[PDB]
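Fold and geometry: a report
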Amino acid sequence: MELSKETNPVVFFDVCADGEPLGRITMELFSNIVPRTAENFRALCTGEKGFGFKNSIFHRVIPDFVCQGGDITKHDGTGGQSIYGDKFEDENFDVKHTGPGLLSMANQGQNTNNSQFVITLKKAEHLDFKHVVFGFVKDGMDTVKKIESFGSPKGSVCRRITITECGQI
Amino acid sequence: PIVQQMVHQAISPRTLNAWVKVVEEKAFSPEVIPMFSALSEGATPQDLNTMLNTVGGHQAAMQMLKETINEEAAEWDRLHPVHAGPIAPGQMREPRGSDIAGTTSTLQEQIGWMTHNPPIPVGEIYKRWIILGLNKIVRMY
């Protein structure tokens with residue numbers, strides 16, 4: 001990826017499925033393109049604002065599409081909370097959904113970003129101009145594929161997939 | 001309405017005329033409800049609105065009907081909270097009460113929900129709300 005930079009923040013998720021370790025997902029955030037959206041995600045990984053992704057789950061997984069999580073308030077897709085509020089605006093749509101392993105903001109329409117996010121499992125151009133892409137999986141796509149295997153077409157998960165540890169490297 | 005491949009057609013003037021006839025002639029009769037059901041086979045929310053809006057007068061009755069529709073729409077939202085996207089390929093966003101009532105949804109969305117596999121029969125759901133409202137109006141006389 002040619003958008004990558006050494007000065008961009010790097011964060012991680014350690015993921016477990018019903019207690020069984022799945023490994024670490026390491027992500028670079030495009031602060032060079034979307035600093036506000038990147039800063040939200042970074043802060044939620046560290047939990048420095050008093051809340052974050054620690055012990056949140058992947059509540060929705062659709063194979064060959066997305067692994068979705070980050071609902072830190074309701075843990076089912078109905079909630080979420082950013083460092084800027086329970087809603088903040090779409091920063092830009094510069095980076096497109098060109099392939100797997102991209103980080104993109106979940107939302108309920110225009111300017112409804114909070115903490116919910118997606119890791120893409122495939123190119124998803126139909127999300128372009130609608131969801132803000134703000135990073136990519138630098139390492140541990142094997143962990144993302146393990147998460148994918150517990151999903152279903154309608155999004156239901158057959159295991160409790162918890163972010164047991166997270167932070168910034 | 002949707003007719004079966006499932007394809008969309010605009011509402012027929014004959015359907016509208018038949019509805020206007022039963023509303024005008026046999027106003028506040030119990031048999032308005034079965035006639036409403038008979039004339040709304042495969043109807044979209046758009047079609048149902050077109051039927052209801054074609055009637056001139058009876059605006060106090062329409063206001064009561066509107067109030068019933070708003071209650072059922074709010075009840076739908078109470079029981080069906082919104083889940084965050086993104087929408088997967090070949091799938092639909094979740095309809096809100098106002099989408100079922102044909103207020104905030106597009107025709108294409110209405111068609112999309114009704115013809116999806118599995119479907120969300122927004123036309124039928126809205127029909128139940130309307131029939132509930134029609135029953136209230138008939139009940140008080």
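The deposited coordinates for this entry were obtained by X-ray crystallography, with a reported resolution of 1.95 Å.

**Section: the overall build of chain A**
Regarding its fold elements, chain A presents two helices and eight strands. When the helices and strands of chain A are read in sequence order from the N terminus, they spell out β-β-α-β-β-β-β-β-α-β. The C-alpha radius of gyration of chain A comes to 14 Å, within 12% of the 15 Å expected for a compact globule of 169 residues. Taking the principal axes of the C-alpha coordinates as reference, chain A spans close to 35 × 35 × 30 Å.

**Looking at the interface of chain A and chain B**
Contact residues are listed per partner, giving 17 residues for chain A and 12 residues for chain B. Between chain A and chain B, the buried area comes to about 1,000 Å², and carbon and sulfur atoms account for 58% of it. Among the residues of chain A in contact with chain B, A:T78, A:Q108 and A:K154 are the three that bury the most area, contributing 35% of the side total. Counting every contact that joins chain A to chain B gives zero salt bridges. Joining chain A to chain B, the criterion identifies five residue pairs in polar contact. Every element with two or more residues in the side of chain A that touches chain B is listed here: strand 3 (60–62) and strand 4 (66–69) of chain A. Considering only residue class, the side of chain A that touches chain B consists of six nonpolar, eight polar and three charged.

**Side note on the sheet that holds strand 3 of chain A**
Residues and elements named next belong to chain A. One open sheet accounts for eight strands, arranged 3-4-6-5-7-2-1-8; its pairing is antiparallel. Of all the strands in the sheet, the pair left with one neighbour each is strand 3 and strand 8 (161–168). Across the sheet, the mean angle from the axis of one strand to that of its neighbour is 25°, orientation sign disregarded. As judged from the three bridges shared by strand 5 (residues 102–105) and strand 7 (residues 133–139), these two strands associate in the antiparallel manner. Residue pairing across strands places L103 opposite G135, the latter belonging to strand 7.

**A closer look at helix 7 (residues 122–139) of chain B**
All names here are of chain B. Given a rise of 1.5 Å per residue, 18 residues ought to cover 26 Å, and the 26 Å separating the end C-alpha atoms of helix 7 matches this to within 8%. Those residues of helix 7 that fall on the buried side of the exposure criterion are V122, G123, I125, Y126, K127, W129, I130, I131, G133, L134, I137 and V138. Summarising the contacts, the buried residues of helix 7 are in contact with helix 2 (32–38), helix 3 (45–54), helix 4 (59–79), helix 5 (97–100) and helix 6 (107–115).

**A look at empty space enclosed by the protein**
All names here are of chain B. Looking at the largest cavity, its volume works out to about 200 Å³. Surrounding the largest cavity, 13 residues form its lining, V23, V32, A61, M62 and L134 being those nearest its centre. Of all the secondary-structure elements, those providing two or more residues to the lining of the largest cavity are helix 1 (13–25), helix 4 and helix 7. When residues of the lining of the largest cavity are assigned to their parent elements, the largest contribution, three residues, is made by helix 7. Looking at the lining of the largest cavity residue by residue, the class counts come to 12 nonpolar, one polar and no charged.

**Regarding the packing of helix 4 of chain B against helix 7 of chain B**
Residues and elements named next belong to chain B. Where helix 4 meets helix 7, the closest approach of the two axes is 9 Å, and the angle between their N-to-C directions is 135°. Comparing the axis directions of helix 4 and helix 7 gives the class oblique. When you trace helix 4 past helix 7, the crossing you get is right-handed. Here helix 4 contributes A61, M64, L65, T68, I69, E71, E72, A73 and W76 to the contact with helix 7, which in turn contributes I125, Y126, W129, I130, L132, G133, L134, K136 and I137. Class assignment of the residues belonging to the contact of helix 4 with helix 7 gives a composition of 13 nonpolar, two polar and three charged.

**A word on the state of the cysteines**
Residues and elements named next belong to chain A. As enumerated under the stated definition, the model contains zero disulfides over all chains in all. Here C158 is not disulfide-linked; the sulfur of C67 is the nearest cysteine sulfur, at 12 Å. A disulfide-free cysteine, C166 has its sulfur positioned 5.6 Å from the sulfur of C45, the nearest such atom. Judged by relative accessible area, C166 falls into the buried class, the value being 9%.

**Some thoughts on the environment of B:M51**
Residue and element names in this part refer to chain B. With respect to the element layout, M51 can be found in helix 3. Exposure remark for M51: the relative accessible area of 0% places this residue in the buried category. Expressed as a C-alpha distance, the spacing of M51 and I69, which sit 18 residues apart in the sequence, is 15 Å. Not counting the four nearest positions on each side in its chain, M51 is found in contact with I11, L16, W19, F36, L39 and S40.

**Focus: the nonpolar core**
Within the largest apolar cluster, 39 residues are counted, with the highest numbers of intra-cluster contacts made by A:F13, A:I25, A:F41, A:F53, A:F58, A:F117 and A:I147. Every element with two or more residues in this core is listed here: strand 1 (10–17), strand 2 (20–29), helix 1 (35–46), strand 5, strand 6 (117–120), strand 7, helix 2 (141–148) and strand 8 of chain A. For A:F13, the contacting residues outside a window of four places in its chain are A:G23, A:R24, A:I25, A:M27, A:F41, A:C45, A:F53, A:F117, A:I163, A:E165 and A:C166. Judged by nonpolar contacts, the second largest core, of 32 residues, contains B:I11, B:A61, B:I100 and B:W113.

Reading guide: rules and limits
Residues numbered from 1 in each chain as written, not as in the entry; some residues may be left out. Chains lettered and ligands numbered in written order. Heavy atoms only, no water. Helix = DSSP H or I, 4+ residues; strand = E, 2+ residues; numbered from the N terminus. Rg over C-alpha atoms; globule rule 2.2 N^0.38 Å. Contact = heavy atoms within 4.5 Å. Buried area = accessible area lost by both parts, 1.4 Å probe. Salt bridge = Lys/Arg side-chain N within 4 Å of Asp/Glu carboxyl O. Polar contact = N/O pair within 3.5 Å; in protein donor to acceptor, adjacent residues only side chain to side chain. Nonpolar A, V, L, I, M, F, W, Y, C, P; charged D, E, K, R; others polar. Pairing = 2+ DSSP bridges. Axes fitted to C-alpha atoms, helices over the stretch in contact; angles between N-to-C directions. Expected span 1.5 Å × (residues − 1). Buried < 20%, exposed > 50% of the residue type's maximum accessible area, 1.4 Å probe, protein only. 1 Å grid on protein atoms, 1.4 Å probe; cavity = no way out; pocket = protein on both sides within 12 Å on 5 of 7 lines; lining within 4 Å. Points joined across faces, edges and corners; volume = space filled by probe spheres on them. Parallel < 35°, antiparallel > 145°, perpendicular 65-115°, else oblique. Left-handed = near helix turned anticlockwise from the far one by under 90°. Disulfide = S-S within 2.5 Å. Core = buried A, V, L, I, M, F, W, Y, C linked by side-chain atoms within 4.5 Å.

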